Amino acid sequence: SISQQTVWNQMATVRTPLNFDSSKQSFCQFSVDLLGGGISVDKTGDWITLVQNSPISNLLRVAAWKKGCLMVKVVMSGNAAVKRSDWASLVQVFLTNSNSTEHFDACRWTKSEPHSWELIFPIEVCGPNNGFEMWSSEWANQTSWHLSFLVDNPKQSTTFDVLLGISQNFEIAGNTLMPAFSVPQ
Amino acid sequence: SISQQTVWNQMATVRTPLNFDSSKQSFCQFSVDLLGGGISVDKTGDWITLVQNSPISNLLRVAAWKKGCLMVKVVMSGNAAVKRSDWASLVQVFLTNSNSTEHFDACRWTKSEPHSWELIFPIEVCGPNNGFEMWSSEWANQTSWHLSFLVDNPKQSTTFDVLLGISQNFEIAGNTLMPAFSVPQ
Amino acid sequence: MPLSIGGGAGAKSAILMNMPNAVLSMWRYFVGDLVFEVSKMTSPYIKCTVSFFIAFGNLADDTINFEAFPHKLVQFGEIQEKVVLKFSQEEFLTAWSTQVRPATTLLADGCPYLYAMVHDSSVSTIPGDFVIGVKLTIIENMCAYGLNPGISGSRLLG
Amino acid sequence: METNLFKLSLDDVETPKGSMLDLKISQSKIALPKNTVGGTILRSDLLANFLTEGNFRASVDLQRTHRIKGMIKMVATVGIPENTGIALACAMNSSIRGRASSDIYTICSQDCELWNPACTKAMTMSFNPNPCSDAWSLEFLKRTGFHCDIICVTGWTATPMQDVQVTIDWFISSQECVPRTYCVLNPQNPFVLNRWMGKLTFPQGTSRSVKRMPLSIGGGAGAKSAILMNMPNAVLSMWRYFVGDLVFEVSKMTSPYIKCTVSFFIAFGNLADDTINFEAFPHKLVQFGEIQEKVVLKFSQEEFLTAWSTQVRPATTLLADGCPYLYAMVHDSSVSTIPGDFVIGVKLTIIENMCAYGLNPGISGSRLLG
Amino acid sequence: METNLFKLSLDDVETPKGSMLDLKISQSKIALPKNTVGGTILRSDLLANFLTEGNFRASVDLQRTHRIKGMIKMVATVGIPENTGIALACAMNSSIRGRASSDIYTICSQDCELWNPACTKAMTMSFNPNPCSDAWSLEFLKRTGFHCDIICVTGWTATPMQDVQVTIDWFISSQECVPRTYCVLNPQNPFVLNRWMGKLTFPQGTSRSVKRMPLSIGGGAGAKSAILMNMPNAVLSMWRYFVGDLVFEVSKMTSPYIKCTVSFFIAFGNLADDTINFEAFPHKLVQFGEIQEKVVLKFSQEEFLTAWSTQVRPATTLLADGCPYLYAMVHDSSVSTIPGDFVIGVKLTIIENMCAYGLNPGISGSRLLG
RNA sequence: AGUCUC
RNA sequence: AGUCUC
């Protein structure tokens with residue numbers, strides 16, 4: 001039973017748009033598809049997003065059928081230049097199994113700590129195959145797990161890192177053919 | 001034994017009245033009937049309340065006899081425009097089995113964190129039938145579980161979301177005839 | 001008739017709901033031996049042989065070999081009004097969604113359906129349609145996976 | 001006089017059963033041009049589309065049965081003379097997203113067979129399209145995206161007179177489906193890896209042509225500013241260090257007319273190509289018979305003193321690499337009377353009695369395979 | 001590694017086998033207009049064309065198997081209310097030449113079933129398309145001309161609201177084919193005759209409506225300056241005199257709402273219709289239950305003192321006919337609340353313990369049936 | 001006989 | 001392992 005303490009894997013890093021224009025609207029939104037490996041963003045500005053090709057990130061994108069628990073950790077690193085007394089920002093986090101607006105939320109959080117905060121919670125994959133689930137498959141109208149954010153005042157709550165930890169019971173089967181993963185720099 | 005991690009169900013969303021007039025009085029009040037599914041509000045302004053037709057929300061409204069534990073999570077998402085240093089708001093939460101002013105409180109909390117906070121606690125349904133209880137039935141002068149809020153400065157502590165989680169021991173019996181639940185949008 | 005029976009029955013901008021259907025909606029996916037109770041709600045004088053089978057939403061009405069799937073032929077005697085159909089869970093390869101987005105099309109629905117069609121013809125000497133009522137009675141050896149966050153609304157029944 | 005419709009056996013939910021003729025469901029004819037080159041995709045499509053060509057005895061059963069328990073069996077057929085050769089691969093994968101890679105490395109991890117028609121003129125393969133369980137169905141295959149790629153791994157050694165055609169007969173097998181799942185932090189024994197190690201080419205002549213294949217196989221296969229990746233290799237990359245009895249499957253992908261004795265052994269990256277006593281290390285000599293195309297090498301874990309890194313920084317040099325390598329070199333010479341290099345393909349099949357330590361944070365990128 | 005194609009079971013010559021769902025080969029939908037009248041041909045075609053509609057589970061087996069040993073089984077289906085009725089017939093014959101007759105008499109001697117949907121809402125029939133042996137095949141059916149006629153023997157008693165449709169499901173049966181041959185000068189026991197005796201109509205009222213059916217059944221059935229003929233009746237015509245236990249099958253071809261008690265007995269042609277004591281002869285009283293449509297009468301050969309002529313000169317009068325007759329008359333009255341005559345069809349099914357004398361030179365022509 | 005029904 | 005071969 002392979003295991004080691006304190007070793008998560010980086011999954012994504014979303015940087016709020018630098019040219020966000022407060023005057024148009026005050027918040028902006030992005031969503032991370034935890035099991036499919038994609039990041040979605042606003043047309044609110046030029047987002048700087050990135051999905052790291054870490055071991056867990058590569059595994060999930062290529063594992064056809066999944067089942068079991070995963071651990072999620074979100075770390076918001078904000079604008080250190082704002083004085084603590086002028087902090088006027090908050091971010092709403094949502095866990096939904098689909099991006100469709102017709103699906104209710106599995107969970108919901110709202111974080112507003114100044115400069116930085118972290119959020120850790122587990123998610124579990126349950127599917128119809130044999131408890132296995134295929135990412136957004138049309139088969140039994142399967143689904144995924146999306147983590148959506150509504151950042152209010154993107155100039156203070158600027159950065160988000162999403163890390164994932166695999167559990168002892170995570171189990172997969174089958175392979176999904178994917179195009180080459182692009183290596184940065 | 002069906003179960004899945006981190007999956008709650010949305011029950012209600014209460015938005016503080018936009019036209020609240022500070023000058024008349026400084027606070028406002030609303031109450032959520034956790035087992036009956038209703039929301040009560042002030043005459044302090046035009047409230048924007050909503051009970052989601054999620055699975056748990058539909059189950060409770062239609063289950064005649066209930067028994068067992070439920071998990072409650074309240075998330076207050078406030079006014080991000082207020083600077084943290086100007087935060088001057090707090091909300092008192094009360095758990096009572098009735099809206100009557102003659103019933104003492106089962107529990108009491110007061111939250112004042114700036115911009116946002118969350119509150120999680122369990123409630124348990126115990127009744128006279130066979131440990132089963134019928135919502136506010138006149139039968140053995142049965143009751144319910146109401147979560148009441150007294151929002152001080154509704155312009156800062158503006159939004160409230162109530163989520164519910166069902167437990168492994170929740171058990172129901174019988175059906176309550178209800179009129180059609182209205183689907184929004 | 002879609003087997004993604006969670007979320008109640010559709011109504012005009014509303015959903016109807018009863019307790020047992022409400023509990024099944026708490027789960028994400030399910031399977032089981034389905035037992036249906038078919039009732040003849042019309043006069044004994046209107047005859048018709050109905051054919052029942054399980055298939056997917058995307059088949060055209062004129063699919064010639066619908067009856068190459070495992071099926072059951074139902075005919076009622078003059079004074080017979082109830083018939084019980086039982087669909088074994090081997091007609092299902094996998095558990096399916098308890099609830100599907102209401103606007104989902106027949107082409108995009110990936111959950112099984114209970115089909116019913118006329119095998120021969122609906123005939124009578126008096127006017128009137130042949131009408132039957134179908135009720136899913138019990139689910140045996142059921143198996144459910146996961147908890148359901150919920151989908152808003154639901155499709156209208158027959 | 002009246003028949004009782006209810007008593008009729010019209011709702012038989014049983015799986016298809018019978019002889020091969022009775023269980024034949026489809027037939028595909030794949031075109032193989034005389035000028036095919038290798039890397040060439042002969043046909044890449046949904047498996048459901050291959051299983052649906054032609055109306056054979058069990059064709060309507062395939063379409064009208066909700067659960068099939070037998071595996072899918074295919075019999076590929078095509079013969080070519082011994083003075084030529086080509087290596088074909090027929091690969092099966094659970095799903096596909098976008099314009100996925102068709103490289104032999106990416107496609108061969110689930111259920112894949114590589115053969116050389118000059119040696120094997122009829123090839124059979126059976127597989128379970130649903131690894132999580134013991135049954136599948138045509139709807140499941142369609143809505144799930146189960147994929148099939150038939151590619152040419154190595155082109156013709158000598159081109160045929162005319163164009164060729166490979167015929168594949170598809171059947172529902174009598175053997176039942178069995179699941180194959182991977183518990184990430186708890187590998188089974190043996191661990192089925194199916195990682196392509198590379199395509200080795202040894203040009204005609206007296207040259208040694210030393211080949212070095214790193215055993216730090218985590219992180220996928222390198223590509224131009226990208227990495228290729230398959231599921232089993234992805235799980236092995238989760239661990240930090242590993243060891244095990246390694247089993248390699250070596251295939252002759254060239255014509256039977258190009259002879260060569262290859263020598264395999266384990267050694268470190270820093271040895272010069274001209275090291276005289278490479279063969280003082282435990283080694284194995286491989287020669288193929290005319291019609292023989294597959295050989296299985298098994299490297300015991302006593303060839304390894306310690307577990308090694310699952311992943312090494314891609315730019316690491318041969319001198320600084322501290323992990324073992326699988327070497328391959330020419331023992332005598334690569335000779336023939338027709339032109340062409342001697343080419344073999346190496347695939348790490350399974351790892352037995354494996355032992356892994358720690359979790360891997362990950363290293364960015366990976367080295368290119370052969 | 002190489003598969004041996006020869007060892008594969010691709011040449012399985014076995015007959016189709018399995019459940020009814022698995023042995024379903026075709027489905028025909030015959031149209032039945034609400035204004036159909038009787039004598040009307042619903043569909044007359046080659047059997048091969050009925051067995052070839054639709055691609056069901058055993059459809060390609062039907063087409064790709066050289067010998068089928070199971071009988072052909074059909075399940076016809078259609079229900080109508082009790083206050084109406086119609087008599088349909090589905091007949092099978094070995095071959096056809098030219099614009100052959102479709103009269104119920106001509107078509108019902110081989111394998112034919114007559115039913116009334118108001119009584120029987122699901123009807124099954126199994127038969128062997130090759131009477132000489134124990135196997136058949138689709139090619140044999142096509143090149144041989146095996147025929148199938150679905151006709152309406154009696155029109156609607158009361159017309160339906162809308163048009164109707166009869167659905168026929170065709171299957172390869174599990175029961176094996178068995179031959180049925182006729183040795184002309186050496187009949188078997190029982191002798192299968194299947195001769196239509198006529199369609200008897202008894203109009204509503206208190207009338208006796210005496211019906212006289214001659215038992216000198218040789219020479220075919222009369223037509224306008226012609227004779228109709230079927231094989232079994234043709235063989236019985238070869239003999240000069242005959243006797244036997246006669247078995248008749250009486251069918252109610254009209255709606256269950258038209259009631260009537262019919263009386264059957266054997267007597268000679270010369271009795272007046274008003275003979276008071278017709279019922280002093282051994283007789284049998286027939287009444288049908290609502291949903292009952294078939295009754296079987298059996299006349300022992302002790303109702304006959306001697307064998308009689310197989311054929312009599314057609315113009316012979318009731319007074320000069322010396323051969324027995326099967327009489328049928330109303331015992332009480334033909335009553336109903338809806339309009340329509342009470343109509344029954346009589347078919348001489350088999351002759352048991354028959355005894356025949358001499359060879360018949362033949363007499364020209366024959367009397368018209370009912 | 002067969003077919004059918006049971 | 002599985003598949004294959006025998």
# chains A, B, ... in the order shown; residues from 1 in each chain; ligands from 1
>>> residues_around(residues="residue 111 in chain B", least_positions_apart="5", cutoff="9 Å", atoms="only C-alpha atoms (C1' of nucleotides)", output="list in words")
residues 90, 91, 92, 93, 117, 118 and 119 of chain B
>>> interface_residues(of="chain A", to="chain C", cutoff="12 Å", atoms="only C-alpha atoms", output="PyMOL selection string")
chain A and resi 67-68+94-108+123-133+136-143+145
>>> residues_around(residues="range 250-266 of chain E", least_positions_apart="5", cutoff="7 Å", atoms="only C-alpha atoms (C1' of nucleotides)", output="ChimeraX atom specification")
/E:82-87,116,118,154,157,281-287,290-291,293-296,324-336,342-347
>>> residues_around(residues="residue 4 in chain G", least_positions_apart="2", cutoff="9 Å", atoms="only C-alpha atoms (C1' of nucleotides)", output="list in words")
residues 123, 124 and 125 of chain D; 1, 2 and 3 of chain E
>>> interface_residues(of="chain C", to="chain D", cutoff="8 Å", atoms="only C-alpha atoms", output="list in words")
residues 68, 69, 70, 71, 72, 73, 74, 75, 90, 91, 92, 93 and 110 of chain C
>>> write_last_selection(atoms="N, CA and C atoms", output="PDB file, in the first residue's frame")
ATOM      1  N   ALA C  68     -37.305  -7.748 -31.731  1.00  0.00           N
ATOM      2  CA  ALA C  68     -36.166  -8.650 -31.797  1.00  0.00           C
ATOM      3  C   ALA C  68     -35.519  -8.496 -30.407  1.00  0.00           C
ATOM      4  N   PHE C  69     -35.970  -7.489 -29.659  1.00  0.00           N
ATOM      5  CA  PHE C  69     -35.531  -7.226 -28.291  1.00  0.00           C
ATOM      6  C   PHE C  69     -36.404  -8.146 -27.443  1.00  0.00           C
ATOM      7  N   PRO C  70     -35.999  -8.440 -26.205  1.00  0.00           N
ATOM      8  CA  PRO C  70     -36.851  -9.307 -25.394  1.00  0.00           C
ATOM      9  C   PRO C  70     -38.131  -8.512 -25.128  1.00  0.00           C
ATOM     10  N   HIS C  71     -39.290  -9.080 -25.425  1.00  0.00           N
ATOM     11  CA  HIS C  71     -40.533  -8.350 -25.227  1.00  0.00           C
ATOM     12  C   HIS C  71     -41.646  -9.200 -24.664  1.00  0.00           C
ATOM     13  N   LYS C  72     -42.750  -8.557 -24.309  1.00  0.00           N
ATOM     14  CA  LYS C  72     -43.904  -9.285 -23.809  1.00  0.00           C
ATOM     15  C   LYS C  72     -45.192  -8.755 -24.402  1.00  0.00           C
ATOM     16  N   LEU C  73     -46.030  -9.665 -24.885  1.00  0.00           N
ATOM     17  CA  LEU C  73     -47.292  -9.321 -25.515  1.00  0.00           C
ATOM     18  C   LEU C  73     -48.458  -9.396 -24.536  1.00  0.00           C
ATOM     19  N   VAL C  74     -49.199  -8.306 -24.418  1.00  0.00           N
ATOM     20  CA  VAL C  74     -50.318  -8.234 -23.503  1.00  0.00           C
ATOM     21  C   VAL C  74     -51.670  -8.105 -24.189  1.00  0.00           C
ATOM     22  N   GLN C  75     -52.608  -8.969 -23.810  1.00  0.00           N
ATOM     23  CA  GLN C  75     -53.987  -8.954 -24.306  1.00  0.00           C
ATOM     24  C   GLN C  75     -54.851  -9.158 -23.071  1.00  0.00           C
ATOM     25  N   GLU C  90     -31.574  -7.911 -16.045  1.00  0.00           N
ATOM     26  CA  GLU C  90     -30.594  -8.317 -17.029  1.00  0.00           C
ATOM     27  C   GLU C  90     -30.916  -7.708 -18.359  1.00  0.00           C
ATOM     28  N   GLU C  91     -31.896  -6.819 -18.320  1.00  0.00           N
ATOM     29  CA  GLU C  91     -32.326  -6.077 -19.473  1.00  0.00           C
ATOM     30  C   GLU C  91     -31.568  -4.756 -19.376  1.00  0.00           C
ATOM     31  N   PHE C  92     -30.825  -4.601 -18.284  1.00  0.00           N
ATOM     32  CA  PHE C  92     -30.053  -3.400 -18.046  1.00  0.00           C
ATOM     33  C   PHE C  92     -28.606  -3.774 -17.845  1.00  0.00           C
ATOM     34  N   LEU C  93     -27.728  -3.171 -18.628  1.00  0.00           N
ATOM     35  CA  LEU C  93     -26.317  -3.468 -18.505  1.00  0.00           C
ATOM     36  C   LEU C  93     -25.698  -2.764 -17.321  1.00  0.00           C
ATOM     37  N   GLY C 110     -29.337   8.965 -22.444  1.00  0.00           N
ATOM     38  CA  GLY C 110     -28.570   7.742 -22.344  1.00  0.00           C
ATOM     39  C   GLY C 110     -29.141   6.744 -21.354  1.00  0.00           C
TER      40      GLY C 110
END
>>> residues_around(residues="residue 111 in chain D", least_positions_apart="2", cutoff="8 Å", atoms="only C-alpha atoms (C1' of nucleotides)", output="ChimeraX atom specification")
/D:91-93,108-109,113,127
>>> residues_around(residues="residue 31 in chain E", least_positions_apart="5", cutoff="8 Å", atoms="only C-alpha atoms (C1' of nucleotides)", output="compact mmCIF listing (two decimals) with N, CA and C atoms, in the first residue's frame")
# COMPACT_ATOMS: atom_id res chain seq x y z
N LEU E 42 -57.07 -11.55 -48.61
CA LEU E 42 -56.33 -10.55 -47.87
C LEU E 42 -54.90 -10.45 -48.38
N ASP E 163 -60.31 0.58 -39.59
CA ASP E 163 -59.72 -0.55 -40.28
C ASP E 163 -58.94 -1.38 -39.30
N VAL E 164 -58.80 -2.66 -39.60
CA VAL E 164 -58.11 -3.57 -38.72
C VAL E 164 -56.84 -4.10 -39.36
N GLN E 165 -55.99 -4.73 -38.54
CA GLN E 165 -54.74 -5.29 -39.01
C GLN E 165 -54.41 -6.55 -38.21
N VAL E 166 -54.08 -7.62 -38.92
CA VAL E 166 -53.72 -8.89 -38.29
C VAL E 166 -52.20 -8.98 -38.35
>>> select_by_dssp(residues="range 57-133 of chain A", states="strand (DSSP E or B)", output="ChimeraX atom specification")
/A:63-77,90-96,103,107-111,116-125,127,131,133
>>> interface_residues(of="chain D", to="chain A", cutoff="6 Å", atoms="only C-alpha atoms", output="list in words")
residues 93, 94, 95, 96, 97, 99, 100, 101, 131, 143, 144, 181, 182, 183, 184, 185, 186, 225, 226, 227, 228, 231, 234, 237, 238, 358, 359, 361 and 362 of chain D
>>> residues_around(residues="residue 2 in chain F", least_positions_apart="2", cutoff="12 Å", atoms="only C-alpha atoms (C1' of nucleotides)", output="PDB file with N, CA and C atoms (P, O5', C5', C4', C3', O3' and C1' of nucleotides), in the first residue's frame")
ATOM      1  N   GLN E 110     -54.099 -29.000 -47.444  1.00  0.00           N
ATOM      2  CA  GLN E 110     -52.770 -29.321 -46.954  1.00  0.00           C
ATOM      3  C   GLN E 110     -52.636 -28.920 -45.491  1.00  0.00           C
ATOM      4  N   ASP E 111     -52.292 -27.670 -45.229  1.00  0.00           N
ATOM      5  CA  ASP E 111     -52.177 -27.188 -43.866  1.00  0.00           C
ATOM      6  C   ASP E 111     -52.890 -25.877 -43.838  1.00  0.00           C
ATOM      7  N   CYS E 112     -54.067 -25.851 -43.233  1.00  0.00           N
ATOM      8  CA  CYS E 112     -54.851 -24.634 -43.205  1.00  0.00           C
ATOM      9  C   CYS E 112     -55.609 -24.483 -41.911  1.00  0.00           C
ATOM     10  N   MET E 125     -50.148 -22.111 -35.507  1.00  0.00           N
ATOM     11  CA  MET E 125     -50.186 -23.215 -36.453  1.00  0.00           C
ATOM     12  C   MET E 125     -48.761 -23.551 -36.821  1.00  0.00           C
ATOM     13  N   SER E 126     -48.440 -24.841 -36.858  1.00  0.00           N
ATOM     14  CA  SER E 126     -47.111 -25.302 -37.232  1.00  0.00           C
ATOM     15  C   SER E 126     -47.280 -26.273 -38.382  1.00  0.00           C
ATOM     16  N   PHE E 127     -46.349 -26.245 -39.325  1.00  0.00           N
ATOM     17  CA  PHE E 127     -46.423 -27.120 -40.482  1.00  0.00           C
ATOM     18  C   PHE E 127     -45.070 -27.436 -41.088  1.00  0.00           C
ATOM     19  N   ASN E 128     -45.024 -28.480 -41.906  1.00  0.00           N
ATOM     20  CA  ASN E 128     -43.812 -28.906 -42.596  1.00  0.00           C
ATOM     21  C   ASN E 128     -43.988 -28.517 -44.064  1.00  0.00           C
ATOM     22  N   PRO E 131     -43.601 -32.102 -47.346  1.00  0.00           N
ATOM     23  CA  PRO E 131     -44.329 -33.321 -47.005  1.00  0.00           C
ATOM     24  C   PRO E 131     -43.636 -34.620 -47.332  1.00  0.00           C
ATOM     25  N   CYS E 177     -39.804 -31.673 -38.382  1.00  0.00           N
ATOM     26  CA  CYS E 177     -40.673 -31.929 -39.506  1.00  0.00           C
ATOM     27  C   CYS E 177     -40.876 -33.409 -39.644  1.00  0.00           C
ATOM     28  N   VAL E 178     -42.077 -33.773 -40.058  1.00  0.00           N
ATOM     29  CA  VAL E 178     -42.435 -35.162 -40.276  1.00  0.00           C
ATOM     30  C   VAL E 178     -43.189 -35.245 -41.611  1.00  0.00           C
ATOM     31  N   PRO E 179     -42.880 -36.242 -42.446  1.00  0.00           N
ATOM     32  CA  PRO E 179     -43.565 -36.350 -43.728  1.00  0.00           C
ATOM     33  C   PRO E 179     -45.013 -36.783 -43.685  1.00  0.00           C
ATOM     34  N   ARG E 180     -45.744 -36.436 -44.739  1.00  0.00           N
ATOM     35  CA  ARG E 180     -47.136 -36.824 -44.893  1.00  0.00           C
ATOM     36  C   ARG E 180     -47.361 -37.110 -46.361  1.00  0.00           C
ATOM     37  N   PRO E 190     -55.668 -42.902 -39.898  1.00  0.00           N
ATOM     38  CA  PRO E 190     -56.773 -42.322 -40.652  1.00  0.00           C
ATOM     39  C   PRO E 190     -56.341 -41.707 -41.963  1.00  0.00           C
ATOM     40  N   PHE E 191     -57.304 -41.566 -42.861  1.00  0.00           N
ATOM     41  CA  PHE E 191     -57.063 -40.954 -44.143  1.00  0.00           C
ATOM     42  C   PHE E 191     -57.324 -39.460 -43.953  1.00  0.00           C
ATOM     43  N   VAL E 192     -56.304 -38.621 -44.117  1.00  0.00           N
ATOM     44  CA  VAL E 192     -56.481 -37.176 -43.950  1.00  0.00           C
ATOM     45  C   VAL E 192     -57.067 -36.565 -45.229  1.00  0.00           C
ATOM     46  N   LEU E 193     -58.341 -36.181 -45.185  1.00  0.00           N
ATOM     47  CA  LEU E 193     -59.030 -35.627 -46.350  1.00  0.00           C
ATOM     48  C   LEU E 193     -59.105 -34.107 -46.423  1.00  0.00           C
ATOM     49  N   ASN E 194     -59.482 -33.470 -45.321  1.00  0.00           N
ATOM     50  CA  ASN E 194     -59.586 -32.017 -45.253  1.00  0.00           C
ATOM     51  C   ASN E 194     -60.448 -31.394 -46.347  1.00  0.00           C
ATOM     52  N   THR E 349     -62.728 -33.576 -41.903  1.00  0.00           N
ATOM     53  CA  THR E 349     -61.350 -33.665 -41.519  1.00  0.00           C
ATOM     54  C   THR E 349     -60.598 -34.970 -41.849  1.00  0.00           C
ATOM     55  N   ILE E 350     -60.974 -36.090 -41.240  1.00  0.00           N
ATOM     56  CA  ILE E 350     -60.320 -37.371 -41.508  1.00  0.00           C
ATOM     57  C   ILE E 350     -61.370 -38.478 -41.596  1.00  0.00           C
TER      58      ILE E 350
ATOM     59  P     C F   4     -48.684 -26.720 -32.847  1.00  0.00           P
ATOM     60  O5'   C F   4     -50.153 -26.392 -32.132  1.00  0.00           O
ATOM     61  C5'   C F   4     -50.751 -25.100 -32.313  1.00  0.00           C
ATOM     62  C4'   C F   4     -52.191 -25.111 -31.807  1.00  0.00           C
ATOM     63  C3'   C F   4     -52.215 -25.184 -30.290  1.00  0.00           C
ATOM     64  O3'   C F   4     -52.033 -23.879 -29.793  1.00  0.00           O
ATOM     65  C1'   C F   4     -53.872 -26.620 -31.213  1.00  0.00           C
TER      66        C F   4
END
